[PDB]
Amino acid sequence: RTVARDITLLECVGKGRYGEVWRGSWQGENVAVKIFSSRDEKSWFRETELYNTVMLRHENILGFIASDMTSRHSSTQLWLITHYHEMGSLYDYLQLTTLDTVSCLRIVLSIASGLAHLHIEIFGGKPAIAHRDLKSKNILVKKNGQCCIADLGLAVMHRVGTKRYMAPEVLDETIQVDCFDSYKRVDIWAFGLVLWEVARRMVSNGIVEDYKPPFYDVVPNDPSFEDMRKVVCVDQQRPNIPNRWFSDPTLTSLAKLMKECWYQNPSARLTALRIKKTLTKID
């Protein structure tokens, strides 16, 4: 039998320190091809090891297709092939797009659903998984209005995270590194930041905030570890909740939720399953 492995690389949709992402075509179908830099080879190994352990399949997790290693003359080429989401990342999408109540809730409940699926151990199943780099650039928007979580290159089963999204216990180095639940609680902090980014773009009473990344008003464009530690740990700042949210029942409920993801005490933060339940009772 013929094993068709040719993928036609059609357009670069992402370039960074990680390497590149391409829209590709296999057998008439769009796929996404991440070509890893030498900088980021260990992310390919980690994600490949995870998918060799558990074949995750969930509507809110970017769908795996393949891990490919090809011998070249003087290098190894590493590709991760996934489902392709033409609308791109949530970060991208929020720059131009504003949301109504239904779309806002559908986006955030879909992210919570993906995250709870990662976090939960299923017996008989999957190991519990923490993501460790959750952020709006690592979430893709699907045409049905739900999102999916991407990039398990730092994930842990039971490279550092993006500094802007690091929880206080990561920044002050008090994280309980021998406790898997510690890593779930770091993801919940990051989830609360993403929830803030999305809620800002939800229209109420003809008002919306411009897209901004978390802590845009208190750290530099490319913040240092120290910049983040001073804001989050020493001064204990949290993202601003605009007054206009408190006129809108959905944004009032989302402000409460994001506060309960941002407690200094990691064990006080809501779990992903509790966030889902709260979101199903809003509106």
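C-alpha atoms forming the largest set that superposes within 1.5 Å between two forms make up the rigid core. All residue numbers refer to positions in the sequence shown, first residue = 1.
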Farther-lying stretch by C-alpha RMS in 6 other deposited structures of this protein, rigid core as reference, of 75 to 83 and 132 to 140 = 75 to 83
C-alpha RMS from this form in 6 other deposited structures of this protein, rigid core superposed: larger for 263 to 271 or 16 to 24?
-> 16 to 24
Please count the deposited residues lying between residue 212 and residue 213 that the model leaves without coordinates, and give the class: none, 1 to 3, 4 to 9, or 10 or more.
-> none
Mind pulling up the entry and telling me whether 51 to 59 or 64 to 72 has the higher mean Cα temperature factor?
-> 64 to 72
Do the CA atoms of 25 to 33 or those of 253 to 261 have the higher mean B-factor in the entry?
-> 25 to 33
Between 89, 82, 95, 110, where does the Cα B-factor run highest in the record?
-> 95
Out of 130, 170, 199, 160, residue topping the C-alpha B-factor column of the entry | 160
Would you mind ranking residue 244 by its C-alpha B-factor against the rest of the chain and naming the third, lowest, middle or highest?
-> middle
Comparing residue 39 with the other modelled residues of its chain, is its CA B-factor in the lowest, middle or highest third?
-> highest
In terms of its chain's C-alpha B-factors, the third that includes residue 275 is the middle
On the chain's distribution of Cα B-factors, residue 153 falls within the third called middle
C-alpha B factor of residue 192, ranked within the chain: lowest, middle or highest third?
-> lowest
